[PDB]
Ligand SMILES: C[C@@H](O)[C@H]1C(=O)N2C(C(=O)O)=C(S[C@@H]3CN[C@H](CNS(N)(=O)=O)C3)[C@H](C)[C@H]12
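Below sits a lone chain in structure tokens, taken as the form deposited without ligand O6P.
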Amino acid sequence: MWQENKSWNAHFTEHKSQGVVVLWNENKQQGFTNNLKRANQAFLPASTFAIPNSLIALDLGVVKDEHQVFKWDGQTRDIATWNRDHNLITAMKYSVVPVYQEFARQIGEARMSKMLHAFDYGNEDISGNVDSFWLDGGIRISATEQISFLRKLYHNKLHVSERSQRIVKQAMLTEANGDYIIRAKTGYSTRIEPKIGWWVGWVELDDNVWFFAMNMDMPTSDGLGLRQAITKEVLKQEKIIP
């Protein structure tokens, strides 16, 4: 069911990094990770919460479709890509928290809490601000729990409309070529130690789907690109992508 491949640790060490990568082979129903312990340690989701947030906002009508413009509120913020108008697609690409904070406010505590339990998402705890608990509140999720959640979304098995799940998987589109499609979401948790980076999603092949969930210590922002780089090095090592 679960095998620990410690050879993947070389990909972390070669970049002076530490963390965990979790892969799940959907065809054979087998999981693989370099660190079974960290694979099951729960962290703040941070921007990876964009996925369940978007599904709920769509299903409840808070967002009509992927085209609806979310106008800038005027306030100029630290990340330049947030200082512009956005829709559901671009909000996910640039992890525009103000947009998702508005999503959560209109959803409300009671509906957020019920939906996350319906999703079986993480520790299902929204303690803190209804609109920042995924950044500095009580919600925690592990890499293996991210896989379980992503597998339901892939199969349209989440307790929301099929349309909601199709739209969010469209927004998750990150890379595509003749060899594979990657649908994924990055995360960068800074408000509580340990500071970590996330990359969760899956790789679509012609005849299989490989889900992945990785997190790594991120004491500084210069190594953010290692989230994708280390994951792809493991994918390349396992001959899942060329």
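Quick note: we count residues from 1 along the sequence shown, nothing fancier.
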{"property": "Mean C-alpha temperature factor, higher of 163-171 and 95-103", "result": "95-103"}
{"property": "Higher-scoring stretch by recorded Cα B factor average, 146-154 or 85-93", "result": "85-93"}
{"property": "Chain-wide C-alpha B factor ranking for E204, given as lowest, middle or highest third", "result": "lowest"}
{"property": "Third assignment of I141 from its chain's C-alpha B-factors", "result": "lowest"}
{"property": "Position of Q228 among the chain's modelled residues by C-alpha B-factor, lowest, middle or highest third", "result": "lowest"}
{"property": "Relative C-alpha B-factor of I192, binned into the chain's lowest, middle or highest third", "result": "highest"}
{"property": "Chain thirds of CA B-factor: placement of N27", "result": "middle"}
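Another form, the form solved in complex with ligand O6P, is not on view; read the next lines as being about it.
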| property | result |
| --- | --- |
| Open vs blocked, site of ligand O6P as found in the deposited bound form, superimposed, 2.4 Å to backbone or C-beta | open |
| Heavy atom distance at most 4.5 Å to ligand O6P in the deposited bound form, all of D65, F70 and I89 | no |
| Single option in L36, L205, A42, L60 placed near ligand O6P in the deposited bound form, where near means a heavy atom within 4.5 Å | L205 |
| 4.5 Å heavy atom contact, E238 and ligand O6P in the deposited bound form | yes |
| Non-hydrogen atom contact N27 with ligand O6P in the deposited bound form at 4.5 angstroms | yes |
| Non-hydrogen atom contact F211 with ligand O6P in the deposited bound form at 4.5 angstroms | no |
